[PDB]
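Student: Sequence plus experimental coordinates follow:
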Protein chains: 2
Amino acid sequence: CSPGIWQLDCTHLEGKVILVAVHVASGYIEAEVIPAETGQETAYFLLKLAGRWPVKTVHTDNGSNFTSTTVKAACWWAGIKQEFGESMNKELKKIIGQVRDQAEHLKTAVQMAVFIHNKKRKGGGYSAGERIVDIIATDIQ
Amino acid sequence: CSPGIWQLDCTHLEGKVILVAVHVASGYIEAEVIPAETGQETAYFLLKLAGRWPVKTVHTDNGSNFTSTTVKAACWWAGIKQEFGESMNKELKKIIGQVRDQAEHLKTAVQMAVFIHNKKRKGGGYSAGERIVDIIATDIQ
Ligand SMILES: Cc1nc(-c2nc3cc(Cl)ccc3[nH]2)c(C)c(-c2ccccc2)c1[C@H](OC(C)(C)C)C(=O)O
Ligand SMILES: Cc1nc(-c2nc3cc(Cl)ccc3[nH]2)c(C)c(-c2ccccc2)c1[C@H](OC(C)(C)C)C(=O)O
């Protein structure tokens, strides 16, 4: 599938909000514990994302997430469009579960789990980390 | 130069602290406005970094930055080593200066400037964004 498609959603765990972005074509993840599930947090996260990867369109499973003028301003500025028409959210949460006692804060456990997931070779042998980079460079060259 | 070398430092602007990571070989940047210049912030940032890129060693211009047990725990966990033996900090700040009135918060202006810098083609024609991805994939293949 297309190299500029991302999925963005918020799970909850321990009374906190985890924003999770998946690079659809590769399965690569960025996630962030956010204080509140708001347009401002989402806008900000999108700007961070877009400055790091070529982000053409973003899908979500909660469309209402994308209605705030704040979010609209961020996709306007970065040049992003919504997607209208895995779950890595289960798996990520499987991994957080495993590493939870290795860290005091949920946020640290999240980043441990992002790390584990992104490196883990899918022997059949690339990792998600290796695939996104290969796909985006592939698509340069 | 080696594809797993990163530089990490904190500039100040408007009474706030900006953590800036540079991928040395490419000139690609990740930056983040942090509330305080502490070991905890640095540790956390390093975990985020390492889960996204293959991070072998990290250089800094303030070695004392890396002495806290907190920071040590993060490079231990992610498998990172210090570097002992551009400035993109001028340039980044040039760009923040330019975009400042486009955003209410310093943090947004930072992310705008990271975006601008990472995409900007160095016509001679790749961007920093294109080079890191090419270098890391290059180094896979
Ligand atoms: C709060 C916190 N405190 C300490 C910690 N620092 C210490 C310093 C001393 Cl002197 C003794 C015990 C100590 N424990 C550590 C070592 C970590 C840490 C855990 C795993 C990997 C890297 C660092 C965290 C961590 O939070 C971040 C720093 C990443 C924000 C967490 O959520 O567990
Ligand atoms: C605080 C804030 N508020 C609003 C904003 N939202 C609005 C909603 C309405 Cl209804 C009217 C005016 C509005 N202005 C916007 C549109 C932005 C924004 C600026 C540039 C690109 C994307 C979003 C920010 C922004 O901060 C983040 C959201 C990115 C954390 C900033 O620092 O300027």
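Tutor: Done, it's in. Numbering: from 1, shown residues only, chains lettered A, B, ... in the order given. Ligands and ions are numbered 1, 2, ... in the order given.
Student: Tell me which helix or strand residue A:18 sits in.
Tutor: According to DSSP states H and E, residue A:18 maps onto strand A:16-23.
Student: So is that strand next to chain B?
Tutor: No: for strand A:16-23, no contact with chain B is found by C-beta under 8 Å from any C-beta of the partner chain; the gap never falls below 10.9 Å. Using the backbone N, CA and C atoms, a C-beta is placed for each residue, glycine as well.
Student: how about that strand, does it reach ligand 2?
Tutor: No: remark: strand A:16-23 sits outside contact range of ligand 2, by C-beta under 6 Å from any ligand atom, the gap being at least 13.0 Å.
Student: And that strand, what's buried?
Tutor: Residues of strand A:16-23 classed as buried: A:16-23 (neighbour count, 16 or more other C-beta atoms under 10 Å in any protein chain shown).
Student: which of the residues you listed sit farthest apart?
Tutor: Within the buried residues of strand A:16-23, A:16 and A:23 form the most distant pair, 23.3 Å apart (C-beta to C-beta).
Student: what's near enough to touch the residue nearest to residue A:111 when sequence neighbours are not counted?
Tutor: The shortest distance from residue A:111 to any residue other than its chain neighbours is 4.2 Å, reached at residue B:47 (C-beta to C-beta, 6 or more residues apart in numbering or on different chains). Counting by C-beta atoms under 8 Å, 6 or more residues apart in numbering or on different chains, residue B:47 makes contact with A:108, A:111-112, A:115, B:74, B:77-78.
Student: Likewise for residue A:114?
Tutor: Taking C-beta under 8 Å, 6+ apart, one finds A:29-31, A:92, B:48, B:51-52 in contact with residue A:114.
Student: Would you mind checking the residues you listed for buried ones?
Tutor: A:29-31, A:92, B:48, B:51-52.
Student: now, which of the residues you listed lie within strands?
Tutor: A:29-31 (DSSP state E).
Student: I'd like the buried ones among the contacts of residue A:114 written out as TSV, with distance to ligand 2 added.
Tutor: Formatted as TSV, the buried ones among the contacts of residue A:114 follow (distance: C-beta to the nearest ligand atom, whole Å):
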residue	distance to ligand 2
A:29	22
A:30	17
A:31	18
A:92	24
B:48	18
B:51	23
B:52	21
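Student: Around ligand 2, which positions in chain A sit nearby?
Tutor: A:40, A:43-44, A:69-70, A:73-74, A:77.
Student: Nearest to ligand 1 among the residues you listed?
Tutor: Nearest to ligand 1 among the residues of chain A next to ligand 2 is residue A:44, at 19.4 Å by C-beta to the nearest ligand atom.
Student: The closest one against residue B:108, yeah?
Tutor: Yes: here residue A:44 reaches residue B:108: they are 6.7 Å apart, a contact under C-beta atoms under 8 Å.
Student: send the alpha carbons of stretch A:39-53 over as PDB?
Tutor: The C-alpha coordinates for stretch A:39-53 follow below in PDB (Å, rounded to 0.1, in the frame of the first residue of the first chain):
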ATOM      1  CA  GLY A  39      -7.500  18.600  19.300                       C
ATOM      2  CA  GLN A  40      -4.400  20.500  20.500                       C
ATOM      3  CA  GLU A  41      -2.600  17.400  21.500                       C
ATOM      4  CA  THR A  42      -3.500  15.700  18.100                       C
ATOM      5  CA  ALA A  43      -2.500  18.800  16.100                       C
ATOM      6  CA  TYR A  44       0.900  19.000  17.900                       C
ATOM      7  CA  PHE A  45       1.600  15.300  17.400                       C
ATOM      8  CA  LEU A  46       0.700  15.600  13.700                       C
ATOM      9  CA  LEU A  47       3.200  18.400  13.300                       C
ATOM     10  CA  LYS A  48       5.900  16.300  15.000                       C
ATOM     11  CA  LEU A  49       5.100  13.300  12.700                       C
ATOM     12  CA  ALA A  50       5.000  15.300   9.500                       C
ATOM     13  CA  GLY A  51       8.500  16.800  10.100                       C
ATOM     14  CA  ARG A  52      10.000  13.400  10.400                       C
ATOM     15  CA  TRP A  53       8.200  11.300   7.700                       C
END
